[PDB]
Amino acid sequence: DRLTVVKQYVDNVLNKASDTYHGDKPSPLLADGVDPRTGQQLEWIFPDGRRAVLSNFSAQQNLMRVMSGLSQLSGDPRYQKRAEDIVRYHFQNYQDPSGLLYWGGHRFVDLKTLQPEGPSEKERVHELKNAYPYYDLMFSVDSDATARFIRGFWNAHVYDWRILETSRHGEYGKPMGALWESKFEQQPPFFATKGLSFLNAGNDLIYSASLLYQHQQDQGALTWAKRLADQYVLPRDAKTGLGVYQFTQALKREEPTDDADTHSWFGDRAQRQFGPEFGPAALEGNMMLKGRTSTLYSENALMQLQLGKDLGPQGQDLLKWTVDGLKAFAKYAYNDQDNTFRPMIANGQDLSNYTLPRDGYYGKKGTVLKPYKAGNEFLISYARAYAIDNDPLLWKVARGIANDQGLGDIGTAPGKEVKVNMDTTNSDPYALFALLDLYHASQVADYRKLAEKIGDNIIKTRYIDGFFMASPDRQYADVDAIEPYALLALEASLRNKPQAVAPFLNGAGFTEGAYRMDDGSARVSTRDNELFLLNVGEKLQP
């Protein structure tokens, strides 16, 4: 059974990733990473050589959903109970008086000492970027503590409520301001602000406020969630409908002297690097480049499609704008000849094969911006958008991605001339999720049969030494792996209990800071993502 495999996997996590540092009185907390061969837990190395075991709860919210779903499908409540216990322990010990948790991009807990840590000295701050924590679980454990987190998050990350100047960073220990009662005055697109309104953090603000509305009927939270979503729609290009990654531009407070110094207070970084050749349209929010387009057309889209459906009638504008943007991205950026997206500016400018003429935020001089393959995360976006709006343009992208990914032909339309590859070797959990979405909307048996094949591939090739890994050579397994999440969604579908498993929004966590090299030097801006890419015998490079 796929269910038996996931049960064994979570048992393995609760064994090997657990607190082994406090004798017979362990905390319930878990290590983010485990070498599945030895059980060595993934460590962060601080400037004096001290090693902490990385326990970052924001990087365990897929695992929390896996544990809740496993308990729902198996009937064994022990996994749900442990997930609750971990949540409770964080509210009890790792929630500041302002409501913020010691988690996120720049804070975590050392499993050995159980103290909060700050791996980025200049950034001892709260940061969520495309995190999408499992607030449904948190509310069921402690609704007051969860609401305090969500309000404290907005309180710290909204720099100016009058104009909705937002920030990807928030300070700890701030007193509560006027919050949802703040007066608001809509500003024109790309107004200049100090705060950086990146949509990865914007995604987490919108999502959290929407969940506070869902659980506590907080109309202020909903008003500002929709208003913040609006902020990313208003500056979209009037002709193409493309964009945007942010709705403000950096306030220029100093004249730059070097292209390679890309600090935001020298002004919009895209205008510096592309302005001379491309004109005023070159703004950071308009740069439809790899990575940014995942935040916009994957993470933002999945969350807003589900939120739009949840809101019923007052969610119709959100659904329309979310689908409209996916149509714009398909119409301008997707190349059906080879399943690539073109790097672009939101005014419709193609940047395919453009050589950067100067250093800057988007690469060194001589960097070539290339079309990039459309991954299976976009197969999910276009599948779910098609279910809401059966536009052949959306189907075209889904069909192109699936074909490029070795899945065969999902058809000229749902159920029409379907020729899927039942011998596919694909083991991507994103493809499994997407096929389940195609199946749910169309009820075409071949889509779930293919999903079962991908599930079997995941177990055959990625279930290694009791953990899930993207390659058998990887040094560390991530306890937040989404392979078991996809397997549980498949089991839930086959058992006619899709609501047993939380909706997949493609959230994840990361930890970023200085990491000490063996020669004692500081490797700045090291991410745990990089540690999870290492194979056996590999080390981080300077």
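Numbering starts at 1 and runs along the sequence shown.
Higher mean CA temperature factor, per the PDB entry, when comparing 142-150 with 444-452: 444-452. Here the stretch with the larger average CA B-factor, out of 374-382 and 99-107, is 374-382. Taking the deposited Cα B-factors for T166, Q271, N155, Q314, the highest one is held by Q314. Set against one another, the Cα B-factors of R227, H215, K183, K194 in the record reach their highest point at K183.
Ranked against the other modelled residues of its chain, the C-alpha B-factor of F468 as given in the entry falls in the middle third. Sorting the modelled residues of the chain by their CA temperature factor places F510 in the middle third.
Ranked within its chain, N300 lands in the lowest third, by CA B factor from the PDB record. Split the chain's modelled residues into thirds by C-alpha temperature factor. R51 is in the highest one. In the PDB entry, a CA B factor belonging to the highest third of its chain's modelled residues is recorded for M517.
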